[PDB]
Amino acid sequence: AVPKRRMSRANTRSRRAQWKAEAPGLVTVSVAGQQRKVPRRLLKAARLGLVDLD
Amino acid sequence: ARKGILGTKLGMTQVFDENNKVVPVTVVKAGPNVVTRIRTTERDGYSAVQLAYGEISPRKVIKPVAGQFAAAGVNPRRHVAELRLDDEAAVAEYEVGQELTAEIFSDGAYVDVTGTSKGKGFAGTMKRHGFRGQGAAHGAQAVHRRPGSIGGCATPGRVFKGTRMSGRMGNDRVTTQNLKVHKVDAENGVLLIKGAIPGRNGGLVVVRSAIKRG
Amino acid sequence: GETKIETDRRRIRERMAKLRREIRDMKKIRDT
Amino acid sequence: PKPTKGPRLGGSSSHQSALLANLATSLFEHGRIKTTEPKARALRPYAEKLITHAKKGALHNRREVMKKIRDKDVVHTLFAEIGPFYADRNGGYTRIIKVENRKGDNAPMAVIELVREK
Amino acid sequence: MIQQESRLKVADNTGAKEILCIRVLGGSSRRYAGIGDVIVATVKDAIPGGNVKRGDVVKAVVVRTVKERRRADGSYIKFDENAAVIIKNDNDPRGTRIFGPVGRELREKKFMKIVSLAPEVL
Amino acid sequence: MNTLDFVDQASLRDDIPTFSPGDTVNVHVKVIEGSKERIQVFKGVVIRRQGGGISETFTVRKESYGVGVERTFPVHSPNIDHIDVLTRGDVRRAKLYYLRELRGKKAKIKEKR
RNA sequence: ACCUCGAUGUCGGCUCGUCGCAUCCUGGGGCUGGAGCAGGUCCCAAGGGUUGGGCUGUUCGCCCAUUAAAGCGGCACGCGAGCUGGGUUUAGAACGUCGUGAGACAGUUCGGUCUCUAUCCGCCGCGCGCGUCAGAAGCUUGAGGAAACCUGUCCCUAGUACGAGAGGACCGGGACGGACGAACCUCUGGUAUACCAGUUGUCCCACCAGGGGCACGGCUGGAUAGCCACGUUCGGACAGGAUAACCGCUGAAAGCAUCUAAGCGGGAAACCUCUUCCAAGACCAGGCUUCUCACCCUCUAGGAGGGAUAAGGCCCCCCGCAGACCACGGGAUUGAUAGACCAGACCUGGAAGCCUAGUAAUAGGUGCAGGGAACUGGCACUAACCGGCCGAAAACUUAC
RNA sequence: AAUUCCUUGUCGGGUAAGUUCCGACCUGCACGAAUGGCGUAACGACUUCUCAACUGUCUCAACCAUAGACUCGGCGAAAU
RNA sequence: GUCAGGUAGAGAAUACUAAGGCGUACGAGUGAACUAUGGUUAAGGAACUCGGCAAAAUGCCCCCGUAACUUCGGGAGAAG
């Protein structure tokens with residue numbers, strides 16, 4: 001099974017647009033007196049100190 | 001015309017007849033209902049009664065729903081369904097706020113139980129449609145379970161909508177008919193239907209008088 | 001058989017069967 | 001505890017049975033270990049079962065732990081410190097905290113502790 | 001669950017010793033025969049001075065089966081061999097003595113002569 | 001302890017003697033034939049017991065006329081009026097399926113003195 | 001000899017279908033050299049059904065058991081990017097015949113690689129987006145579709161009708177089945193890679209005792225939940241409308257007759273309703289009803305753009321018998337959703353230590369003991385968090 | 001018959017049923033004596049038929065675990 | 001081409017292991033269909049098919065006992 005014909009310009013763009021990313025949802029954390037943004041998943045770990053803020 | 005009530009399927013057990021036979025029964029908790037809405041022809045174009053069931057804490061109800069129950073004067077419940085009657089000669093004996101119980105049925109009454117069957121996920125043809133596979137020996141090449149042919153060859157040139165192949169099976173509404181009620185346990189509000197009814201333990205079922213033998 | 005009459009033998013044998021099926025039906029006409 | 005529904009953690013059931021012992025042998029030793037998130041969730045019911053054996057400490061429960069962890073210096077710590085520490089708290093001796101993923105494979109990652117609050 | 005090609009041990013005294021089932025009577029394309037279902041068999045083994053010789057098609061009824069069989073009470077009956085009793089076209093044994101216990105289910109299927117001659121009906 | 005208990009509690013049948021696999025027992029099963037009612041005694045050893053409460057189930061294996069029969073009963077069945085344990089067996093299993101291939105002296109069970 | 005030789009893979013079998021009717025069974029009739037039973041021939045009818053084996057590569061055919069019946073055909077003599085490769089149709093070798101010979105066969109015999117990661121249409125499933133003149137939510141109507149439609153034996157009627165015997169009914173009732181399908185797991189069975197016990201070889205925990213690793217879970221005997229079938233329960237009904245072949249009533253053209261030209265009726269598994277399921281993307285995008293029903297800023301105010309909200313929803317979190325991901329369903333401290341802990345059910349079957357008897361293998365007591373996952377009921381001990389992103393109204397014409 | 005077209009020749013044995021198989025007939029299309037004829041104990045990953053045991057080959061499939069398949073992060077082709 | 005530990009064993013086969021050497025270079029997950037490689041199976045046991053193809057079965061040591069036929073060696077580990 002090989003592609004029978006060259007795929008049109010419009011046809012490849014429409015499918016290629018579905019290969020995208022997703023920006024995470026960040027949440028404010030007050031550790032060491034400076035407000036940072038971490039995902040709400042890592043909320044508890046940021047206050048304990050288990051996560052480093054590069 | 002046809003009685004009906006909303007209940008939840010508890011499980012299966014066995015009990016013994018009067019000739020000392022055995023009848024495999026299914027226990028249904030046809031708990032109390034209320035009538036929250038009544039559907040007449042001059043408003044809705046058909047006749048039916050709307051029933052409510054379950055227990056829900058009033059902090060769990062959407063505000064649009066919490067207003068619908070206040071328009072009938074009842075506390076909110078979880079599940080709201082509808083029993084479709086046929087004429088006003090049957091509708092007239094229901095009334096908003098009236099409470100139904102398991103005692104509307106008697107022993108030996110034939111009922112029809114409806115519910116959503118279990119789910120089996122993405123199931124192949126050999127299981128879903130009851131196909132055959134090719135042989136398990138005598139040279140078959142990686143073809144032990146796949147469906148086989150599909151259609152014609154250059155005439156049909158296509159696949160004839162409605163053919164049977166692999167897909168997600170189960171988890172759809174199904175109705176079994178003419179199940180015989182063995183006993184109505186009015187003290188616990190429990191029905192003992194003889195047989196096997198769709199769903200899982202703790203689902204939601206609707207038992208109604210049999211359309212064929214009622 | 002490159003001339004390919006090896007397929008006509010089962011065509012010729014079949015014709016004997018059909019012609020036999022003719023006579024037994026006629027055997028039903030007179031007997032009834 | 002209830003067996004793993006899906007495929008096992010180490011590529012075989014034999015490996016998982018040896019991998020879950022090494023993770024418990026290292027939790028009771030340090031008090032906080034950091035591992036992959038599905039490895040932490042599978043360890044939690046496994047680890048709290050041995051600490052129950054420690055609480056009702058007898059010769060019978062010493063031999064029941066020794067057939068899992070196979071070590072002899074952790075099993076002493078398990079029957080002299082960890083057991084008597086949780087003599088009053090009823091269940092739930094560990095907690096799972098979720099942290100930032102890895103880098104080479106972006107695997108979800110969590111750290112699992114021993115509750116030391118009471 | 002005795003089907004075509006199964007071998008059953010004859011419980012009669014007709015001179016047969018073992019039969020091979022040819023067909024299960026009862027309906028079109030029927031598969032299994034339990035206690036009280038009539039088969040068509042061929043005698044695959046007979047005693048020398050016997051009344052019935054090997055290689056003839058004869059009719060018989062099952063009397064015992066290895067697969068356990070339900071009963072309306074909810075109780076089960078299960079023997080340890082498959083056995084058959086050669087009958088004629090009027091539902092009576094060709095032999096005069098029946099060997100070993102038989103199932104109760106022959107009673108409700110009107111095998112009245114077989115039940116009476118059996119040592120123990122279970 | 002189950003969710004369905006109230007339904008099975010009424011049907012439960014008391015005064016069942018305490019018997020376990022290995023015991024020899026005789027069951028007085030009722031039989032109906034020609035509108036007549038009588039009892040038939042089935043005597044053998046108990047080789048199984050599959051607990052379910054009301055769904056309890058035990059089987060009794062007997063050797064009769066050179067053929068070994070088995071018969072599976074529900075413990076709380078009404079077709080059984082008496083169960084009378086005779087001897088106490090002394091076995092090491094809980095399902096005695098090894099007796100299905102032993103004939104004669106090799107199939108004798110030991111007695112719990 | 002018109003398409004294809006810069007390739008349209010050739011016979012059988014398997015899997016999977018779909019259509020025609022020139023109908024094998026079941027359904028309705030006309031005629032009969034049709035007494036009855038049973039037939040013969042023709043007409044109407046495609047809803048369902050149409051078995052398993054022996055011989056041959058075989059289609060075909062013959063045969064063995066049955067059955068209500070074991071239909072005929074089309075779809076590249078359907079179906080090899082779905083499977084086989086027995087045959088035909090490469091290279092080896094031999095037999096008969098032909099040839100002086102290399103070799104050949106219109107004959108036979110033993111053997112002989114079956115390649116491909118699906119781009120497009122097509123089909124089975126599942127999502128994201130927008131629309132349905134504000135934003136949401138609960139419950140539903142049905143245009144239009146999909147599925148199912150099979151049938152036997154016995155007992156009354158009645159040894160009655162018919163017949164001179166032998167034989168033996170129409171119609172109408174009742175019971176029990178075969179095959180097929182759907183749902184379910186109480187029962188019977190099958191499986192069990194974190195359950196329990198026995199045990200062989202070896203290495204280890206200093207040694208005894210007690211255990212562990214490896215050898216298909218080492219091998220054996222059982223095995224709750226889940227998934228299943230060999231298991232359990234249920235289904236294909238009753239009634240109606242319009243008709244086919246056929247049967248007619250009233251009736252002329254044609255003083256009579258005629259089922260026909262005016263009218264009126266009977267009539268079958270075929271058709272439409274009847275039963276189960278999907279279904280408002282049904283663009284005429286539906287109906288009943290209930291919530292929110294509300295603020296600011298800028299272009300030059302015509303409209304637009306931007307911001308912030310309510311009802312509600314999404315994402316993150318604890319999960320599910322829901323599941324490829326997504327989706328669906330439940331829970332989120334005002335908390336029983338999962339784990340842990342306590343107890344029960346069930347499975348295994350009598351733990352470790354000690355005491356006793358034996359020279360010893362080993363046995364008995366403490367003891368329905370010990371160990372244990374899925375099922376049930378309790379208990380906030382552990383984790384559902386001192387949280388982010390979406391998300392609401394130009395009006396006008398006429399009747400009233 | 002590794003040879004026989006007509007052919008599934010005819011009779012016998014085996015099977016419930018045997019175009020294959022074994023024994024025999026002779027009407028040898030188109031066997032035949034070192035291109036050897038007829039047999040033969042032992043031997044054959046050769047070809048043909050029958051039987052006991054055994055089994056998922058089948059009636060009729062069901063369940064479990066691993067490697068792919070599916071989801072996520074990295075690198076990243078091909079015939080056409 | 002040369003060395004050849006221990007315990008079972010006839011063995012340099014096979015299982016575990018000492019000295020010694022490695023964990024070998026994409027991973028993390030998730031009970032989809034389907035494919036591949038292992039495992040178990042009620043009742044029946046070749047009914048599948050071109051054909052018992054593939055699986056299953058038999059499997060070691062010591063005793064007892066072993067047919068036709070024969071080139072007198074065999075058949076023979078016959079069978080049981």
# chains A, B, ... in the order shown; residues from 1 in each chain; ligands from 1

$ interface_residues --of "chain G" --to "chain A" --cutoff "9 Å" --atoms "only C-alpha atoms (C1' of nucleotides)" --output "PDB file with N, CA and C atoms (P, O5', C5', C4', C3', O3' and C1' of nucleotides), in the first residue's frame"
ATOM      1  P     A G  81      -5.643 -10.036  -2.763  1.00  0.00           P
ATOM      2  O5'   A G  81      -5.047  -9.066  -1.654  1.00  0.00           O
ATOM      3  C5'   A G  81      -3.816  -9.369  -1.020  1.00  0.00           C
ATOM      4  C4'   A G  81      -3.131  -8.132  -0.494  1.00  0.00           C
ATOM      5  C3'   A G  81      -3.910  -7.307   0.513  1.00  0.00           C
ATOM      6  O3'   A G  81      -3.834  -7.832   1.824  1.00  0.00           O
ATOM      7  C1'   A G  81      -2.975  -5.885  -1.113  1.00  0.00           C
ATOM      8  P     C G 116       4.274  -9.498   2.826  1.00  0.00           P
ATOM      9  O5'   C G 116       4.252  -8.015   2.266  1.00  0.00           O
ATOM     10  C5'   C G 116       5.260  -7.090   2.632  1.00  0.00           C
ATOM     11  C4'   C G 116       4.928  -5.704   2.147  1.00  0.00           C
ATOM     12  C3'   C G 116       3.653  -5.107   2.710  1.00  0.00           C
ATOM     13  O3'   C G 116       3.880  -4.493   3.964  1.00  0.00           O
ATOM     14  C1'   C G 116       3.712  -4.819   0.356  1.00  0.00           C
ATOM     15  P     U G 117       2.723  -4.398   5.067  1.00  0.00           P
ATOM     16  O5'   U G 117       3.173  -3.172   5.973  1.00  0.00           O
ATOM     17  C5'   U G 117       2.432  -2.801   7.126  1.00  0.00           C
ATOM     18  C4'   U G 117       2.440  -1.308   7.344  1.00  0.00           C
ATOM     19  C3'   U G 117       2.073  -0.466   6.125  1.00  0.00           C
ATOM     20  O3'   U G 117       1.373   0.700   6.551  1.00  0.00           O
ATOM     21  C1'   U G 117       4.212   0.145   6.882  1.00  0.00           C
ATOM     22  P     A G 118      -0.122   0.586   7.120  1.00  0.00           P
ATOM     23  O5'   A G 118      -0.933   1.686   6.311  1.00  0.00           O
ATOM     24  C5'   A G 118      -0.380   2.309   5.159  1.00  0.00           C
ATOM     25  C4'   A G 118      -1.436   3.024   4.353  1.00  0.00           C
ATOM     26  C3'   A G 118      -2.640   3.511   5.149  1.00  0.00           C
ATOM     27  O3'   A G 118      -3.135   4.714   4.570  1.00  0.00           O
ATOM     28  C1'   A G 118      -3.351   1.981   3.500  1.00  0.00           C
ATOM     29  P     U G 119      -2.729   6.142   5.177  1.00  0.00           P
ATOM     30  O5'   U G 119      -2.238   6.952   3.899  1.00  0.00           O
ATOM     31  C5'   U G 119      -2.208   8.369   3.896  1.00  0.00           C
ATOM     32  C4'   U G 119      -2.501   8.931   2.529  1.00  0.00           C
ATOM     33  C3'   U G 119      -3.950   8.876   2.091  1.00  0.00           C
ATOM     34  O3'   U G 119      -4.722   9.926   2.639  1.00  0.00           O
ATOM     35  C1'   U G 119      -2.576   8.104   0.338  1.00  0.00           C
ATOM     36  P     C G 120      -6.253   9.685   3.047  1.00  0.00           P
ATOM     37  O5'   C G 120      -7.000   9.559   1.651  1.00  0.00           O
ATOM     38  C5'   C G 120      -7.093  10.676   0.781  1.00  0.00           C
ATOM     39  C4'   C G 120      -7.884  10.350  -0.458  1.00  0.00           C
ATOM     40  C3'   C G 120      -9.226   9.682  -0.236  1.00  0.00           C
ATOM     41  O3'   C G 120     -10.247  10.587   0.139  1.00  0.00           O
ATOM     42  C1'   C G 120      -8.063   8.534  -1.925  1.00  0.00           C
ATOM     43  P     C G 315     -12.342  18.175  31.028  1.00  0.00           P
ATOM     44  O5'   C G 315     -11.033  18.958  31.476  1.00  0.00           O
ATOM     45  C5'   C G 315     -10.085  19.396  30.517  1.00  0.00           C
ATOM     46  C4'   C G 315      -8.998  20.217  31.155  1.00  0.00           C
ATOM     47  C3'   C G 315      -8.280  19.570  32.323  1.00  0.00           C
ATOM     48  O3'   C G 315      -7.294  18.634  31.930  1.00  0.00           O
ATOM     49  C1'   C G 315      -8.859  21.778  32.895  1.00  0.00           C
ATOM     50  P     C G 316      -7.030  17.319  32.816  1.00  0.00           P
ATOM     51  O5'   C G 316      -6.456  17.880  34.192  1.00  0.00           O
ATOM     52  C5'   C G 316      -5.204  18.544  34.234  1.00  0.00           C
ATOM     53  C4'   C G 316      -4.857  19.035  35.616  1.00  0.00           C
ATOM     54  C3'   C G 316      -4.926  18.018  36.737  1.00  0.00           C
ATOM     55  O3'   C G 316      -3.803  17.159  36.774  1.00  0.00           O
ATOM     56  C1'   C G 316      -5.967  20.005  37.437  1.00  0.00           C
ATOM     57  P     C G 317      -3.958  15.644  37.272  1.00  0.00           P
ATOM     58  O5'   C G 317      -4.724  15.764  38.659  1.00  0.00           O
ATOM     59  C5'   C G 317      -4.007  15.912  39.871  1.00  0.00           C
ATOM     60  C4'   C G 317      -4.896  15.710  41.071  1.00  0.00           C
ATOM     61  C3'   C G 317      -5.397  14.295  41.305  1.00  0.00           C
ATOM     62  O3'   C G 317      -4.450  13.496  41.988  1.00  0.00           O
ATOM     63  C1'   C G 317      -7.172  15.846  41.571  1.00  0.00           C
ATOM     64  P     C G 385      -9.774  19.277  46.807  1.00  0.00           P
ATOM     65  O5'   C G 385      -8.810  20.240  47.620  1.00  0.00           O
ATOM     66  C5'   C G 385      -8.166  19.793  48.806  1.00  0.00           C
ATOM     67  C4'   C G 385      -6.802  20.418  48.976  1.00  0.00           C
ATOM     68  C3'   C G 385      -6.743  21.923  48.745  1.00  0.00           C
ATOM     69  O3'   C G 385      -5.772  22.504  49.614  1.00  0.00           O
ATOM     70  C1'   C G 385      -5.294  20.838  47.235  1.00  0.00           C
ATOM     71  P     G G 387      -6.839  26.635  46.567  1.00  0.00           P
ATOM     72  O5'   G G 387      -6.634  27.315  45.150  1.00  0.00           O
ATOM     73  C5'   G G 387      -5.340  27.378  44.574  1.00  0.00           C
ATOM     74  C4'   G G 387      -5.402  27.627  43.093  1.00  0.00           C
ATOM     75  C3'   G G 387      -6.038  28.952  42.675  1.00  0.00           C
ATOM     76  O3'   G G 387      -5.335  29.464  41.548  1.00  0.00           O
ATOM     77  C1'   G G 387      -7.147  27.174  41.617  1.00  0.00           C
ATOM     78  P     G G 388      -5.242  31.044  41.292  1.00  0.00           P
ATOM     79  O5'   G G 388      -4.917  31.153  39.742  1.00  0.00           O
ATOM     80  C5'   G G 388      -5.948  31.401  38.802  1.00  0.00           C
ATOM     81  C4'   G G 388      -5.810  30.531  37.581  1.00  0.00           C
ATOM     82  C3'   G G 388      -6.702  30.892  36.410  1.00  0.00           C
ATOM     83  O3'   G G 388      -6.156  31.937  35.629  1.00  0.00           O
ATOM     84  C1'   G G 388      -6.800  28.562  36.794  1.00  0.00           C
ATOM     85  P     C G 389      -7.114  32.899  34.783  1.00  0.00           P
ATOM     86  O5'   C G 389      -7.679  31.962  33.633  1.00  0.00           O
ATOM     87  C5'   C G 389      -6.837  31.486  32.596  1.00  0.00           C
ATOM     88  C4'   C G 389      -7.608  30.622  31.636  1.00  0.00           C
ATOM     89  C3'   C G 389      -8.872  31.244  31.068  1.00  0.00           C
ATOM     90  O3'   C G 389      -8.612  32.069  29.949  1.00  0.00           O
ATOM     91  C1'   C G 389      -9.361  29.089  31.878  1.00  0.00           C
TER      92        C G 389
END

$ interface_residues --of "chain D" --to "chain I" --cutoff "10 Å" --atoms "only C-alpha atoms (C1' of nucleotides)" --output "NGL selection string"
:D and (4-7 or 9 or 36-38 or 102 or 104-109)

$ select_by_dssp --residues "chain E" --states "helix (DSSP H, G or I)" --output "PyMOL selection string"
chain E and resi 104-106+112-117

$ write_last_selection --atoms "N, CA, C and O atoms" --output "mmCIF file, in the first residue's frame"
data_model
loop_
_atom_site.group_PDB
_atom_site.id
_atom_site.type_symbol
_atom_site.label_atom_id
_atom_site.label_comp_id
_atom_site.auth_asym_id
_atom_site.auth_seq_id
_atom_site.Cartn_x
_atom_site.Cartn_y
_atom_site.Cartn_z
ATOM 1 N N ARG E 104 -32.824 -41.464 36.147
ATOM 2 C CA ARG E 104 -34.256 -41.325 36.377
ATOM 3 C C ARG E 104 -34.984 -40.795 35.151
ATOM 4 O O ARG E 104 -36.169 -41.086 34.975
ATOM 5 N N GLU E 105 -34.290 -40.059 34.284
ATOM 6 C CA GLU E 105 -34.931 -39.332 33.196
ATOM 7 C C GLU E 105 -35.582 -40.236 32.167
ATOM 8 O O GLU E 105 -36.350 -39.736 31.342
ATOM 9 N N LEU E 106 -35.291 -41.535 32.177
ATOM 10 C CA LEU E 106 -35.990 -42.443 31.276
ATOM 11 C C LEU E 106 -37.456 -42.580 31.654
ATOM 12 O O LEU E 106 -38.284 -42.917 30.804
ATOM 13 N N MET E 112 -40.502 -47.249 29.746
ATOM 14 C CA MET E 112 -41.053 -47.978 30.883
ATOM 15 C C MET E 112 -40.436 -49.358 31.050
ATOM 16 O O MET E 112 -40.263 -49.818 32.182
ATOM 17 N N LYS E 113 -40.122 -50.045 29.952
ATOM 18 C CA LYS E 113 -39.560 -51.383 30.083
ATOM 19 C C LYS E 113 -38.103 -51.336 30.523
ATOM 20 O O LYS E 113 -37.651 -52.199 31.282
ATOM 21 N N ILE E 114 -37.349 -50.342 30.054
ATOM 22 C CA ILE E 114 -35.953 -50.220 30.456
ATOM 23 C C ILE E 114 -35.847 -49.912 31.942
ATOM 24 O O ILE E 114 -35.000 -50.472 32.645
ATOM 25 N N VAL E 115 -36.706 -49.027 32.447
ATOM 26 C CA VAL E 115 -36.649 -48.664 33.859
ATOM 27 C C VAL E 115 -36.927 -49.875 34.739
ATOM 28 O O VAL E 115 -36.257 -50.086 35.755
ATOM 29 N N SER E 116 -37.908 -50.697 34.363
ATOM 30 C CA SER E 116 -38.275 -51.830 35.203
ATOM 31 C C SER E 116 -37.164 -52.868 35.287
ATOM 32 O O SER E 116 -36.958 -53.459 36.352
ATOM 33 N N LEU E 117 -36.443 -53.107 34.192
ATOM 34 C CA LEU E 117 -35.393 -54.118 34.164
ATOM 35 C C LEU E 117 -34.069 -53.633 34.732
ATOM 36 O O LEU E 117 -33.172 -54.454 34.943
#

$ select_by_dssp --residues "segment 8-118 of chain D" --states "strand (DSSP E)" --output "PyMOL selection string"
chain D and resi 32-36+94-99+109-114

$ write_last_selection --atoms "C-alpha atoms" --output "compact mmCIF listing (two decimals), in the first residue's frame"
# COMPACT_ATOMS: atom_id res chain seq x y z
CA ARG D 32 11.47 9.32 51.65
CA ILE D 33 12.25 7.94 48.20
CA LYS D 34 11.56 9.51 44.80
CA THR D 35 10.44 7.25 41.97
CA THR D 36 8.13 7.04 38.96
CA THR D 94 2.42 6.84 53.78
CA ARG D 95 1.69 9.77 51.50
CA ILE D 96 2.31 10.39 47.80
CA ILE D 97 3.45 13.81 46.55
CA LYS D 98 3.58 14.54 42.83
CA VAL D 99 6.61 16.40 41.47
CA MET D 109 7.33 11.29 38.84
CA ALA D 110 6.34 11.32 42.50
CA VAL D 111 7.94 11.10 45.94
CA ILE D 112 6.55 8.80 48.64
CA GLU D 113 7.04 9.44 52.34
CA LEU D 114 6.31 7.99 55.75

$ closest_atom_pairs --of "chain G" --to "chain B" --cutoff "6 Å" --atoms "only C-alpha atoms (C1' of nucleotides)" --output "CSV"
residue,atom,partner,partner_atom,distance
G:15,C1',B:148,CA,4.6
G:16,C1',B:149,CA,5.0
G:78,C1',B:152,CA,4.8
G:79,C1',B:149,CA,5.7
G:82,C1',B:148,CA,4.5
G:83,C1',B:140,CA,5.6
G:122,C1',B:158,CA,5.0
G:123,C1',B:159,CA,5.6
G:124,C1',B:165,CA,5.3
G:125,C1',B:167,CA,4.5
G:137,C1',B:64,CA,5.6
G:138,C1',B:65,CA,5.8
G:183,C1',B:198,CA,5.7
G:184,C1',B:196,CA,5.0
G:186,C1',B:13,CA,4.5
G:233,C1',B:195,CA,4.2
G:288,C1',B:44,CA,5.9
G:290,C1',B:64,CA,5.1
G:291,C1',B:64,CA,4.2

$ write_last_selection --atoms "C-alpha atoms (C1' of nucleotides)" --output "PDB file, in the first residue's frame"
ATOM      1  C1'   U G  15     -14.284 -16.734   5.928  1.00  0.00           C
ATOM      2  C1'   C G  16     -17.824 -13.072   4.640  1.00  0.00           C
ATOM      3  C1'   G G  78     -18.255 -12.915  -6.118  1.00  0.00           C
ATOM      4  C1'   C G  79     -14.359 -13.167  -2.631  1.00  0.00           C
ATOM      5  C1'   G G  82      -8.567 -11.830   3.349  1.00  0.00           C
ATOM      6  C1'   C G  83      -6.232 -17.517   4.133  1.00  0.00           C
ATOM      7  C1'   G G 122     -15.931   2.621   0.481  1.00  0.00           C
ATOM      8  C1'   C G 123     -17.389   0.306   5.497  1.00  0.00           C
ATOM      9  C1'   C G 124     -17.448  -0.398  11.341  1.00  0.00           C
ATOM     10  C1'   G G 125     -16.536   2.433  15.551  1.00  0.00           C
ATOM     11  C1'   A G 137     -29.958  22.827  31.779  1.00  0.00           C
ATOM     12  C1'   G G 138     -33.820  18.715  32.696  1.00  0.00           C
ATOM     13  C1'   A G 183     -29.340 -10.416  28.112  1.00  0.00           C
ATOM     14  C1'   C G 184     -27.174 -12.451  32.614  1.00  0.00           C
ATOM     15  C1'   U G 186     -27.919 -17.806  41.197  1.00  0.00           C
ATOM     16  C1'   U G 233     -33.726 -16.894  31.705  1.00  0.00           C
ATOM     17  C1'   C G 288     -43.053  21.264  27.429  1.00  0.00           C
ATOM     18  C1'   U G 290     -36.776  25.829  34.556  1.00  0.00           C
ATOM     19  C1'   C G 291     -32.409  28.971  35.806  1.00  0.00           C
TER      20        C G 291
END

$ atom_distance --atom1 "atom CA of residue 115 of chain D" --atom2 "atom CA of residue 80 of chain D"
16.6 Å
